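These notes are about the structure you will find just below.
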Amino acid sequence: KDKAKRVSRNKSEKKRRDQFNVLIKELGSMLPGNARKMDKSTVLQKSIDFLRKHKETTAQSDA
Amino acid sequence: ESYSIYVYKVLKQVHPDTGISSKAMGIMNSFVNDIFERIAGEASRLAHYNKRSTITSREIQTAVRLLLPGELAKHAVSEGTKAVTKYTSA
Amino acid sequence: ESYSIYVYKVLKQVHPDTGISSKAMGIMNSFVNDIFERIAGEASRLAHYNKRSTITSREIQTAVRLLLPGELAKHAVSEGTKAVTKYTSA
Amino acid sequence: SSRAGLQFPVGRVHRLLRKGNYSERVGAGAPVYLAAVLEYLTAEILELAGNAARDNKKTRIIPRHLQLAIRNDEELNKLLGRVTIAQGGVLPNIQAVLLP
Amino acid sequence: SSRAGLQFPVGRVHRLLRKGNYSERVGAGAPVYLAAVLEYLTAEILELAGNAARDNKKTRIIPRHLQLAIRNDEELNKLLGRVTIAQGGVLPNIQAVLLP
Amino acid sequence: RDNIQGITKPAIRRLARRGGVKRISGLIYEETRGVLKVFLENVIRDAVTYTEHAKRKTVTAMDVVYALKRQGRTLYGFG
Amino acid sequence: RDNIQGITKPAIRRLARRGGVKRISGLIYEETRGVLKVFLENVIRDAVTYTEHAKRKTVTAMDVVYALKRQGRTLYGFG
Amino acid sequence: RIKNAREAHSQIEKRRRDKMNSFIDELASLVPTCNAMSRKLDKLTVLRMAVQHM
Amino acid sequence: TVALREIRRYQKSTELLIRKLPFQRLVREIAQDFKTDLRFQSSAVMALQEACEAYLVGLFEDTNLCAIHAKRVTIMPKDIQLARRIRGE
Amino acid sequence: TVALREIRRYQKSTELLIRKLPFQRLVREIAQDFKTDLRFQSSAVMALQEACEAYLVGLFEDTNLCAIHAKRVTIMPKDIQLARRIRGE
DNA sequence: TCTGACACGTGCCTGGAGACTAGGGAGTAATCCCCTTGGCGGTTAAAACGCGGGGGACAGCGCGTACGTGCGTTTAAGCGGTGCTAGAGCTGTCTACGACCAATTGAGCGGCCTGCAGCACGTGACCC
DNA sequence: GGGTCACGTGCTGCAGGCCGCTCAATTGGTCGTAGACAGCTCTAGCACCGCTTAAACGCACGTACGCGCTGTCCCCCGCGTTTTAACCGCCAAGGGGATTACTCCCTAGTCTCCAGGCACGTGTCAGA
């Protein structure tokens with residue numbers, strides 16, 4: 001019967017996964033050159049490249 | 001023994017959202033020990049100079065005034081004075 | 001109380017043909033008190049560090065080694081050791 | 001402590017005052033007076049150290065913050081002038097004559 | 001003092017150690033050891049001071065002689081490096097660069 | 001008031017000479033007086049504090065000796 | 001033997017830079033090593049003396065703290 | 001035989017996690033706010049800081 | 001140009017600029033002159049390292065000031081010696 | 001030539017180089033700042049004077065050395081300031 | 001011949017010395033655990049070495065002012081003498097607080113367990 | 001069959017709660033000393049007055065030192081390349097320190113007694 005309690009814990013694990021999924025959509029949509037159908041790894045990869053580019057550009061403007 | 005409990009409580013009262021490292025805490029404990037020795041030593045010397053066998057708030061107050069710089073001396077004395085008056089009353 | 005009697009006697013035993021002025025003697029008395037405090041202070045601290053309630057010749061001998069320079073310490077320590085040896089032997 | 005209104009202990013302070021051969025006798029006010037003083041000084045340092053932490057976006061105090069907090073305060077700097085702080089670092093002071 | 005072969009008082013040293021808040025207890029041999037040390041150090045100064053008096057054709061020691069004896073002797077000079085001596089005067093030190 | 005001026009230029013010259021000084025700029029006299037005044041003020045404040053603690057009206061030699069001693073300067077001959 | 005050479009010229013330069021030194025003569029390195037050697041000897045000798053008095057064979061941070069403390073130098077964080 | 005397909009699947013799934021985790025650490029390093037952290041940030045926090053930073 | 005950058009860099013950071021291993025050996029090298037076959041706690045050595053750098057840095061600061069007083073840029077042993085003598089060494 | 005003879009004379013002698021009444025008034029001038037209507041022992045005041053002169057002599061010696069380091073004979077406040085700073089004043 | 005210091009003589013009290021007893025502290029012994037010390041292998045960064053150029057330091061020359069030195073005039077400090085009070089020092093008396101000892105109670109800390117949250121892993125579903 | 005996403009399970013860590021133990025705080029009682037208060041006396045310090053000598057202050061003149069300017073050479077600084085040590089990670093053994101228990105000795109406290117030490121006065125000697 002106590003196995004039912006695990007469902008709440010399963011929901012908690014799902015909540016963490018869902019928070020990640022929501023942030024992936026926001027993270028991808030907040031980038032320039034937006035594209036659909038990017039997978040989670042691709043969204044992160046393009047986010048990494050964007051931030052490197054953004055850092056490079058602001059650094060390029062100085063010194 | 002340590003003051004980590006009391007230091008943390010004071011830190012929370014001043015900075016409710018700020019934590020403290022173990023290294024910083026060790027430093028604060030050394031600080032407190034240092035201050036104690038300075039005052040206790042001077043209070044004893046004052047009693048010696050004045051041929052007294054006991055320590056009272058007067059010896060502590062004078063030791064505080066001698067040891068601390070202008071602003072700290074004034075404020076530390078005020079805190080000591082109230083605590084004794086308040087404790088004595090209660 | 002003063003050490004003028006003992007200081008004078010020692011001088012006579014070293015230099016029989018000279019004496020000590022009043023000002024010079026006041027200085028020598030100030031000196032003796034200063035040296036006593038320095039050694040006794042360190043001996044007390046050694047007892048404190050090692051959580052001991054008794055001061056013995058060991059704490060004093062160590063205090064002498066810590067306070068005095070090499071050559072002077074060797075001679076001062078030798079005299080202290082001999083005095084105890086002679087005393088306990090006599 | 002409770003009646004004194006202090007966070008810091010008094011009973012151990014009383015113990016420490018009578019211990020160590022400071023005096024033959026200790027008055028009731030002395031442990032209390034001192035406990036208030038120790039708490040006061042502690043609070044002042046913690047306040048400044050916390051500020052140093054905030055200036056660097058930290059929520060946690062480290063030895064570097066304690067060093068900065070003290071040396072920037074002339075009363076504390078004098079009081080602790082002979083004190084070395086582990087991992088405290090140094091102030092970034094450069095003489096003007098050395099600059100181009 | 002006679003038993004120890006000392007000129008300095010043993011009882012007085014014991015009393016000072018016993019009643020100076022240095023510790024709860026004092027060992028019987030401690031006063032003897034210390035009295036010998038104090039006597040030795042005193043003798044070192046007196047020997048030099050007596051020589052200083054002689055070098056000035058004096059038969060009596062004055063504060064200046066103590067100053068001369070102390071500051072010429074390195075071990076004593078370090079020991080009394082921060083001591084001020086009444087009517088001690090100063091040593092006649094002049095820098096060569098100032099001379100013609 | 002103004003007893004620091006009581007230390008005349010000749011007084012400074014004598015002291016400077018005792019310290020082995022051969023030649024003196026005109027600004028030394030004022031700098032020296034400023035420093036001396038501050039030095040003395042610190043010593044007296046401690047001596048007076050001792051007198052006040054004892055609730056005395058008269059400052060004694062021991063108040064001075066204790067003041068100098070706690071400052072690091074041990075004095076022989078005055079107790 | 002010869003562990004003082006283990007502190008290399010670049011190490012000396014880094015220390016001098018922390019001290020705000022812009023330009024360093026070639027004689028500094030030897031002078032600096034001599035100065036440090038004296039400092040270490042003084043602190044260690046006292047720390048060892050404390051250890052010996054306690055009849056111990058292992059030197060602890062407190063022996064160092066006592067050695068420094070009596071030399072007018074205290075250290076927070078190490079005890 | 002076909003049992004290997006499930007074993008391969010669990011290894012593929014871990015490889016996907018490892019690739020994402022590697023990117024999360026790299027992404028965190030590019031956000032200045034992460035410099036204030038001593039401990040490694042959790043997956044959700046790093047993504048949140050990246051969008052907050054942008 | 002580089003020296004100013006180095007000063008800023010080293011003043012900003014908190015880590016030791018000396019090497020730890022030769023320091024540990026040096027402590028024994030010296031300590032053995034007082035007593036042989038000694039054992040040491042690592043915390044004792046670390047305490048020494050912090051004190052040693054702080055000591056030398058303070059001397060460097062005074063040395064630099066002495067050179068500046070003489071209107072010079074470089075530091076020399078003569079500047080160190082003046083600072084040391086004034087400080088009682 | 002005159003300065004060297006004066007140095008030798010003042011180093012040779014032991015008397016106070018400051019007039020007493022000006023000194024006594026200065027002490028009372030200061031002491032009144034802390035508390036009014038004070039009384040002073042003469043020996044206490046003389047103890048202060050001896051310490052004060054000893055202090056200045058030490059200051060002058062270091063000041064002179066600083067001027068010498070700078071390859072100068074004349075002492076300036078600049079030299080005093082360096083010596084005082086090095087000694088922590 | 002006089003003044004100050006040293007030596008000699010006299011008187012009184014305190015401290016030191018000697019004697020005795022008990023408890024607590026110090027010293028000694030045995031056992032156990034952790035840290036330090038010692039050794040081996042690999043990788044990366046630091047240190048060491050070499051080369052070229054510029055700036056800094058040192059040396060030399062010239063000029064002017066401030067400082068140093070001497071003389072004369074004016075003033076204060078120092079020395080000696082006179083007068084009075086408050087504070088300091090000493091003695092005696094009385095009380096409250098602290099110390100010492102015993103007895104209780106409450107809160108907090110430390111350790112252990114439980115619950116919740118987080119991280120990693122495996123399986124199923126969906127898409128190609 | 002491969003890759004991604006979604007769902008559930010297993011294990012670990014942190015926070016909260018509970019249990020057990022200790023200390024401090026609290027409460028109560030007794031005894032003595034030290035501190036506080038009161039009274040009395042004397043000295044040193046403070047205040048005031050007068051005179052003389054030396055020092056300080058003011059004025060004038062000249063020199064040396066310090067400052068400013070110019071020129072030359074060497075060392076240090078900066079960069080690049082090569083070699084070694086430092087640093088990092090992993091593994092093993094022994095000794096010292098730490099912890100616990102037991103025994104013995106010394107000092108402090110208490111008690112008793114005397115001389116020397118300390119202070120004061122006189123006489124002689126050395127220096128003035």
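Ligands are numbered from 1 in the order shown, residues from 1 within each chain, and chains are lettered A, B, ... in the order they appear in the structure tokens.
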
Please provide chain F as a CSV table (one decimal) with C-alpha atoms, in the first residue's frame, once it has been superposed on chain G by least squares across all sequentially paired Cα atoms.
```csv
chain,number,residue,atom,x,y,z
F,1,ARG,CA,70.9,21.5,3.3
F,2,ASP,CA,70.7,24.3,0.8
F,3,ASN,CA,66.9,24.5,0.6
F,4,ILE,CA,67.1,28.3,0.9
F,5,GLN,CA,68.1,28.2,-2.8
F,6,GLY,CA,64.7,26.5,-3.2
F,7,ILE,CA,63.3,30.0,-3.2
F,8,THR,CA,63.9,30.8,-6.9
F,9,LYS,CA,64.3,34.2,-8.4
F,10,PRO,CA,60.7,34.0,-9.8
F,11,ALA,CA,59.5,33.3,-6.2
F,12,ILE,CA,61.3,36.5,-5.1
F,13,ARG,CA,59.8,38.4,-8.1
F,14,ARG,CA,56.3,37.3,-7.1
F,15,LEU,CA,56.8,38.3,-3.5
F,16,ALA,CA,58.4,41.6,-4.4
F,17,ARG,CA,55.5,42.3,-6.8
F,18,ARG,CA,53.0,41.6,-4.0
F,19,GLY,CA,54.9,44.3,-2.0
F,20,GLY,CA,54.4,46.8,-4.9
F,21,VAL,CA,58.0,46.6,-6.2
F,22,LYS,CA,58.3,47.6,-9.8
F,23,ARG,CA,62.0,47.1,-10.5
F,24,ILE,CA,64.6,44.8,-8.8
F,25,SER,CA,68.4,44.9,-8.7
F,26,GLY,CA,70.3,41.7,-9.1
F,27,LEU,CA,71.6,41.8,-5.5
F,28,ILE,CA,68.1,41.6,-4.0
F,29,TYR,CA,67.7,37.9,-4.5
F,30,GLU,CA,70.8,37.1,-2.3
F,31,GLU,CA,70.0,39.7,0.3
F,32,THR,CA,66.4,38.6,0.6
F,33,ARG,CA,67.4,34.9,1.0
F,34,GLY,CA,69.8,35.8,3.7
F,35,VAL,CA,67.2,37.8,5.6
F,36,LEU,CA,64.5,35.2,5.2
F,37,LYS,CA,66.8,32.4,6.5
F,38,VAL,CA,67.6,34.4,9.6
F,39,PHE,CA,63.9,35.4,10.2
F,40,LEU,CA,62.8,31.8,9.9
F,41,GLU,CA,65.6,30.5,12.2
F,42,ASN,CA,64.5,32.7,15.0
F,43,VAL,CA,60.9,31.7,14.7
F,44,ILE,CA,61.7,27.9,14.6
F,45,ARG,CA,64.0,28.1,17.6
F,46,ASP,CA,61.2,29.3,19.8
F,47,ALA,CA,58.8,26.8,18.5
F,48,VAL,CA,61.2,23.9,19.0
F,49,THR,CA,62.0,25.1,22.6
F,50,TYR,CA,58.3,24.8,23.4
F,51,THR,CA,58.2,21.3,22.0
F,52,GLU,CA,61.3,20.4,24.0
F,53,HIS,CA,59.9,21.8,27.2
F,54,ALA,CA,56.9,19.6,26.8
F,55,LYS,CA,59.2,16.7,26.1
F,56,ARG,CA,57.4,16.1,22.8
F,57,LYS,CA,58.9,14.8,19.5
F,58,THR,CA,56.3,16.5,17.3
F,59,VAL,CA,56.1,20.2,16.8
F,60,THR,CA,52.5,21.5,16.8
F,61,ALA,CA,50.8,24.6,15.5
F,62,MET,CA,50.5,26.0,19.0
F,63,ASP,CA,54.3,25.9,19.4
F,64,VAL,CA,54.4,28.1,16.3
F,65,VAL,CA,51.6,30.3,17.5
F,66,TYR,CA,53.2,30.8,20.9
F,67,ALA,CA,56.5,31.5,19.2
F,68,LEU,CA,55.1,34.1,16.9
F,69,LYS,CA,52.9,35.6,19.6
F,70,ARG,CA,55.8,36.1,22.0
F,71,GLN,CA,57.8,37.7,19.2
F,72,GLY,CA,55.0,40.3,18.7
F,73,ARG,CA,53.2,38.7,15.7
F,74,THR,CA,49.7,37.6,16.6
F,75,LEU,CA,48.3,35.1,14.1
F,76,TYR,CA,44.6,34.5,13.5
F,77,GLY,CA,43.0,31.4,12.0
F,78,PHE,CA,45.5,28.8,13.4
F,79,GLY,CA,44.3,29.1,17.0
```

(request) Name the residues in contact with region 1-6 of chain L at a cut-off of 8 Å, using only C-alpha atoms (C1' of nucleotides), excluding same-chain residues fewer than 6 positions from it; report them as a count of residues only. (result) 5

(request) Check every residue of chain D for an atom within 9 Å of chain B, counting only C-alpha atoms, and provide those that qualify as a PyMOL selection string. (result) chain D and resi 1-9+13+16-17+21-43+45-47+50+53-54+58-66+75-76+78-80+85-87

Store the residues picked out above in a file with C-alpha atoms, as a CSV table (one decimal), in the first residue's frame.
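Result saved to part.csv:
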```csv
chain,number,residue,atom,x,y,z
D,1,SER,CA,22.7,36.0,29.6
D,2,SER,CA,18.9,35.9,29.3
D,3,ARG,CA,18.3,38.6,31.9
D,4,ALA,CA,21.3,40.6,30.6
D,5,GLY,CA,19.8,40.5,27.1
D,6,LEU,CA,23.0,39.1,25.7
D,7,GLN,CA,23.5,36.4,23.0
D,8,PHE,CA,26.9,35.7,24.5
D,9,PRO,CA,27.3,33.5,27.7
D,13,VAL,CA,33.1,34.5,31.3
D,16,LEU,CA,37.4,32.7,32.9
D,17,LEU,CA,37.8,35.8,35.0
D,21,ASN,CA,44.8,34.0,38.7
D,22,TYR,CA,43.6,37.4,37.6
D,23,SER,CA,42.1,38.2,41.0
D,24,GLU,CA,41.1,36.6,44.3
D,25,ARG,CA,37.5,37.8,43.8
D,26,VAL,CA,35.2,38.8,41.0
D,27,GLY,CA,32.1,41.0,41.1
D,28,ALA,CA,28.8,40.0,39.6
D,29,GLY,CA,28.9,42.9,37.2
D,30,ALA,CA,32.3,42.1,35.8
D,31,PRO,CA,31.4,38.9,33.8
D,32,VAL,CA,28.3,40.7,32.5
D,33,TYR,CA,30.1,43.9,31.5
D,34,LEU,CA,32.7,42.0,29.6
D,35,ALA,CA,30.3,39.7,27.9
D,36,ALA,CA,28.4,42.8,26.5
D,37,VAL,CA,31.7,44.2,25.3
D,38,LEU,CA,32.8,41.0,23.6
D,39,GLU,CA,29.4,40.7,21.8
D,40,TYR,CA,29.5,44.4,20.8
D,41,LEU,CA,33.0,44.2,19.2
D,42,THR,CA,32.1,40.9,17.5
D,43,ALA,CA,28.9,42.4,16.0
D,45,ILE,CA,33.3,43.1,12.8
D,46,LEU,CA,30.6,40.8,11.5
D,47,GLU,CA,28.7,43.7,10.1
D,50,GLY,CA,29.3,40.8,5.8
D,53,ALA,CA,31.1,39.7,1.2
D,54,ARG,CA,28.2,41.5,-0.4
D,58,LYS,CA,29.2,36.6,-1.8
D,59,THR,CA,26.6,35.3,0.8
D,60,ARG,CA,29.3,33.7,2.9
D,61,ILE,CA,32.1,35.2,4.9
D,62,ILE,CA,35.7,34.2,4.2
D,63,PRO,CA,39.1,35.3,5.7
D,64,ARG,CA,39.6,37.6,2.7
D,65,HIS,CA,36.5,39.5,3.7
D,66,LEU,CA,37.7,39.8,7.3
D,75,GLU,CA,40.2,51.8,14.7
D,76,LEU,CA,40.2,48.1,14.1
D,78,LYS,CA,45.2,49.8,15.0
D,79,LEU,CA,43.5,47.4,17.5
D,80,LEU,CA,44.6,44.4,15.3
D,85,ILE,CA,45.1,36.7,9.1
D,86,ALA,CA,45.3,33.4,7.3
D,87,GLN,CA,44.4,33.7,3.6
```

(message) as a list in words, could you give me every residue of chain A near chain K (at most 9 Å apart, counting only C-alpha atoms (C1' of nucleotides))?
(response)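 Close to chain K, chain A has residues 9, 12 and 13 of chain A.
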
Quick one: which chain L residues come within 10 Å of chain D, and what is the nearest atom pair for each with the distance in Å to one decimal, counting only C-alpha atoms (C1' of nucleotides), rows ordered by chain and ascending number, as a Markdown table?
```
| residue | atom | partner | partner_atom | distance |
| --- | --- | --- | --- | --- |
| L:24 | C1' | D:11 | CA | 7.1 |
| L:25 | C1' | D:11 | CA | 8.5 |
| L:34 | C1' | D:25 | CA | 9.9 |
```

(message) So that I can check the secondary structure, give me every residue of chain F assigned strand (DSSP E) by backbone DSSP, as an MDAnalysis selection string.
(response) chainID F and resid 23:24 58:59 74:76

Kindly export the residues of the current selection with N, CA and C atoms, as a PDB file, in the first residue's frame.
```pdb
ATOM      1  N   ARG F  23      73.245  69.628  10.267  1.00  0.00           N
ATOM      2  CA  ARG F  23      72.627  70.748   9.569  1.00  0.00           C
ATOM      3  C   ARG F  23      71.108  70.615   9.549  1.00  0.00           C
ATOM      4  N   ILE F  24      70.421  71.735   9.757  1.00  0.00           N
ATOM      5  CA  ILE F  24      68.982  71.723  10.003  1.00  0.00           C
ATOM      6  C   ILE F  24      68.235  72.664   9.062  1.00  0.00           C
ATOM      7  N   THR F  58      45.875  64.433  42.441  1.00  0.00           N
ATOM      8  CA  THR F  58      47.283  64.643  42.141  1.00  0.00           C
ATOM      9  C   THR F  58      47.832  63.497  41.306  1.00  0.00           C
ATOM     10  N   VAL F  59      48.496  63.843  40.210  1.00  0.00           N
ATOM     11  CA  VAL F  59      49.160  62.867  39.359  1.00  0.00           C
ATOM     12  C   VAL F  59      50.519  62.518  39.949  1.00  0.00           C
ATOM     13  N   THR F  74      60.042  51.365  29.054  1.00  0.00           N
ATOM     14  CA  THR F  74      60.353  51.122  30.455  1.00  0.00           C
ATOM     15  C   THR F  74      61.378  52.130  30.959  1.00  0.00           C
ATOM     16  N   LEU F  75      61.073  52.771  32.081  1.00  0.00           N
ATOM     17  CA  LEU F  75      61.941  53.801  32.643  1.00  0.00           C
ATOM     18  C   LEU F  75      62.563  53.355  33.960  1.00  0.00           C
ATOM     19  N   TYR F  76      63.883  53.468  34.061  1.00  0.00           N
ATOM     20  CA  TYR F  76      64.581  53.128  35.298  1.00  0.00           C
ATOM     21  C   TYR F  76      64.973  54.378  36.075  1.00  0.00           C
TER      22      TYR F  76
END
```

(message) Which residue is closest to chain F? Choose from B:1, B:66, B:16, B:30 and count only C-alpha atoms.
(response)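 Ranked by minimum distance to chain F, first place goes to B:66.
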
Please, which residues in chain I fall within 12 Å of chain D when counting only C-alpha atoms, and what is the closest atom pair and distance in Å to one decimal for each, ordered by chain then residue number, as a tab-separated table?
```
residue	atom	partner	partner_atom	distance
I:1	CA	D:100	CA	8.6
I:2	CA	D:99	CA	11.6
I:3	CA	D:98	CA	9.6
I:4	CA	D:99	CA	7.8
I:5	CA	D:94	CA	10.6
I:6	CA	D:94	CA	11.2
I:7	CA	D:94	CA	7.8
I:8	CA	D:92	CA	6.3
I:9	CA	D:92	CA	8.8
I:10	CA	D:92	CA	8.7
I:11	CA	D:92	CA	5.2
I:12	CA	D:92	CA	6.3
I:13	CA	D:89	CA	6.7
I:14	CA	D:89	CA	4.6
I:15	CA	D:87	CA	7.2
I:16	CA	D:87	CA	8.9
I:17	CA	D:89	CA	11.6
I:43	CA	D:86	CA	11.6
I:46	CA	D:86	CA	9.4
I:47	CA	D:86	CA	8.0
I:48	CA	D:86	CA	10.6
I:49	CA	D:86	CA	9.9
I:50	CA	D:86	CA	6.6
I:51	CA	D:84	CA	7.3
I:52	CA	D:84	CA	10.7
I:53	CA	D:89	CA	10.4
I:54	CA	D:84	CA	7.8
I:55	CA	D:84	CA	9.8
I:57	CA	D:90	CA	9.4
I:58	CA	D:90	CA	10.4
I:61	CA	D:94	CA	10.0
I:62	CA	D:95	CA	11.9
I:64	CA	D:95	CA	9.3
I:65	CA	D:95	CA	8.9
I:67	CA	D:97	CA	11.2
I:68	CA	D:97	CA	8.1
I:69	CA	D:97	CA	10.9
I:71	CA	D:97	CA	9.5
I:72	CA	D:97	CA	10.0
I:73	CA	D:98	CA	7.6
I:74	CA	D:98	CA	10.4
```

(request) Tell me which protein, DNA and RNA residues are within 12 Å of residue 85 (chain K), counting only C-alpha atoms (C1' of nucleotides), leaving out same-chain ones fewer than 3 positions away, and put them as number ranges by chain. (result) L: 42-47

(message) Report as a PyMOL selection string all protein, DNA and RNA residues lying within 12 Å of residue 22 (chain A), evaluated on only C-alpha atoms (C1' of nucleotides), omitting residues in the same chain fewer than 2 positions from it.
(response) (chain A and resi 15-20+24-29+40+43) or (chain H and resi 44+47-48+51)

Keeping N, CA, C and O atoms, export the residues of the selection given above as a PDB file, in the first residue's frame.
```pdb
ATOM      1  N   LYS A  15       8.613  16.647 -11.817  1.00  0.00           N
ATOM      2  CA  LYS A  15       8.610  18.098 -11.707  1.00  0.00           C
ATOM      3  C   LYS A  15       9.984  18.667 -12.024  1.00  0.00           C
ATOM      4  O   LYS A  15      10.098  19.656 -12.747  1.00  0.00           O
ATOM      5  N   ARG A  16      11.029  18.012 -11.525  1.00  0.00           N
ATOM      6  CA  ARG A  16      12.392  18.440 -11.816  1.00  0.00           C
ATOM      7  C   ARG A  16      12.708  18.316 -13.302  1.00  0.00           C
ATOM      8  O   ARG A  16      13.272  19.232 -13.904  1.00  0.00           O
ATOM      9  N   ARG A  17      12.263  17.220 -13.914  1.00  0.00           N
ATOM     10  CA  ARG A  17      12.471  17.022 -15.343  1.00  0.00           C
ATOM     11  C   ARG A  17      11.711  18.059 -16.158  1.00  0.00           C
ATOM     12  O   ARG A  17      12.231  18.593 -17.139  1.00  0.00           O
ATOM     13  N   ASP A  18      10.501  18.382 -15.715  1.00  0.00           N
ATOM     14  CA  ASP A  18       9.663  19.347 -16.409  1.00  0.00           C
ATOM     15  C   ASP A  18      10.209  20.762 -16.291  1.00  0.00           C
ATOM     16  O   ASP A  18      10.176  21.521 -17.258  1.00  0.00           O
ATOM     17  N   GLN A  19      10.791  21.095 -15.141  1.00  0.00           N
ATOM     18  CA  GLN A  19      11.433  22.395 -14.997  1.00  0.00           C
ATOM     19  C   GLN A  19      12.584  22.519 -15.983  1.00  0.00           C
ATOM     20  O   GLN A  19      12.750  23.552 -16.631  1.00  0.00           O
ATOM     21  N   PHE A  20      13.324  21.428 -16.158  1.00  0.00           N
ATOM     22  CA  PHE A  20      14.428  21.407 -17.103  1.00  0.00           C
ATOM     23  C   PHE A  20      13.909  21.625 -18.517  1.00  0.00           C
ATOM     24  O   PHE A  20      14.436  22.453 -19.260  1.00  0.00           O
ATOM     25  N   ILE A  24      14.679  24.601 -21.173  1.00  0.00           N
ATOM     26  CA  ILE A  24      15.239  24.325 -22.492  1.00  0.00           C
ATOM     27  C   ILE A  24      14.504  25.116 -23.561  1.00  0.00           C
ATOM     28  O   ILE A  24      15.128  25.710 -24.441  1.00  0.00           O
ATOM     29  N   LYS A  25      13.178  25.136 -23.482  1.00  0.00           N
ATOM     30  CA  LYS A  25      12.392  25.878 -24.457  1.00  0.00           C
ATOM     31  C   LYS A  25      12.668  27.375 -24.364  1.00  0.00           C
ATOM     32  O   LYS A  25      12.889  28.032 -25.383  1.00  0.00           O
ATOM     33  N   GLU A  26      12.746  27.894 -23.138  1.00  0.00           N
ATOM     34  CA  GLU A  26      13.054  29.305 -22.923  1.00  0.00           C
ATOM     35  C   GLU A  26      14.473  29.646 -23.356  1.00  0.00           C
ATOM     36  O   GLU A  26      14.718  30.695 -23.952  1.00  0.00           O
ATOM     37  N   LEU A  27      15.411  28.763 -23.038  1.00  0.00           N
ATOM     38  CA  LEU A  27      16.807  28.988 -23.368  1.00  0.00           C
ATOM     39  C   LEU A  27      17.001  29.043 -24.873  1.00  0.00           C
ATOM     40  O   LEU A  27      17.694  29.922 -25.380  1.00  0.00           O
ATOM     41  N   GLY A  28      16.370  28.115 -25.586  1.00  0.00           N
ATOM     42  CA  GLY A  28      16.476  28.072 -27.038  1.00  0.00           C
ATOM     43  C   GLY A  28      15.808  29.272 -27.699  1.00  0.00           C
ATOM     44  O   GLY A  28      16.376  29.885 -28.600  1.00  0.00           O
ATOM     45  N   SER A  29      14.640  29.663 -27.189  1.00  0.00           N
ATOM     46  CA  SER A  29      13.873  30.756 -27.782  1.00  0.00           C
ATOM     47  C   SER A  29      14.502  32.121 -27.527  1.00  0.00           C
ATOM     48  O   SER A  29      14.216  33.087 -28.236  1.00  0.00           O
ATOM     49  N   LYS A  40      17.567  18.861 -26.714  1.00  0.00           N
ATOM     50  CA  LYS A  40      18.074  19.481 -25.491  1.00  0.00           C
ATOM     51  C   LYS A  40      19.575  19.744 -25.563  1.00  0.00           C
ATOM     52  O   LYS A  40      20.044  20.813 -25.169  1.00  0.00           O
ATOM     53  N   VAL A  43      20.159  22.690 -27.968  1.00  0.00           N
ATOM     54  CA  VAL A  43      19.790  23.966 -27.374  1.00  0.00           C
ATOM     55  C   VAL A  43      20.899  24.457 -26.460  1.00  0.00           C
ATOM     56  O   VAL A  43      21.258  25.636 -26.484  1.00  0.00           O
TER      57      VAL A  43
ATOM     58  N   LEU H  44      19.201  22.490 -13.124  1.00  0.00           N
ATOM     59  CA  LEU H  44      18.109  23.439 -13.282  1.00  0.00           C
ATOM     60  C   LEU H  44      18.574  24.867 -13.041  1.00  0.00           C
ATOM     61  O   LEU H  44      18.241  25.775 -13.805  1.00  0.00           O
ATOM     62  N   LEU H  47      20.637  26.414 -16.039  1.00  0.00           N
ATOM     63  CA  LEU H  47      19.783  26.836 -17.138  1.00  0.00           C
ATOM     64  C   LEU H  47      19.043  28.123 -16.786  1.00  0.00           C
ATOM     65  O   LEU H  47      18.929  29.027 -17.616  1.00  0.00           O
ATOM     66  N   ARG H  48      18.580  28.222 -15.541  1.00  0.00           N
ATOM     67  CA  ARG H  48      17.892  29.424 -15.085  1.00  0.00           C
ATOM     68  C   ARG H  48      18.810  30.640 -15.098  1.00  0.00           C
ATOM     69  O   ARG H  48      18.393  31.739 -15.466  1.00  0.00           O
ATOM     70  N   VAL H  51      19.326  31.991 -18.734  1.00  0.00           N
ATOM     71  CA  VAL H  51      18.238  32.819 -19.256  1.00  0.00           C
ATOM     72  C   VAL H  51      18.141  34.149 -18.515  1.00  0.00           C
ATOM     73  O   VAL H  51      17.786  35.168 -19.105  1.00  0.00           O
TER      74      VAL H  51
END
```

(message) Can you tell me which residues surround residue 99 (chain L) at a distance of at most 12 Å, considering only C-alpha atoms (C1' of nucleotides), apart from same-chain residues fewer than 6 positions away, and format the answer as a list in words?
(response)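 Contacts, in chain order: residues 30, 31, 32 and 33 of chain K.
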
(message) Based on the backbone DSSP call, show me all residues of chain J assigned helix (DSSP H, G or I), as JSON, numbers by chain.
(response) {"J": [2, 3, 4, 5, 6, 7, 8, 9, 10, 11, 12, 20, 21, 22, 23, 24, 25, 26, 27, 28, 29, 30, 31, 32, 33, 34, 42, 43, 44, 45, 46, 47, 48, 49, 50, 51, 52, 53, 54, 55, 56, 57, 58, 59, 60, 61, 62, 63, 64, 65, 66, 67, 68, 69, 77, 78, 79, 80, 81, 82, 83, 84, 85, 86]}
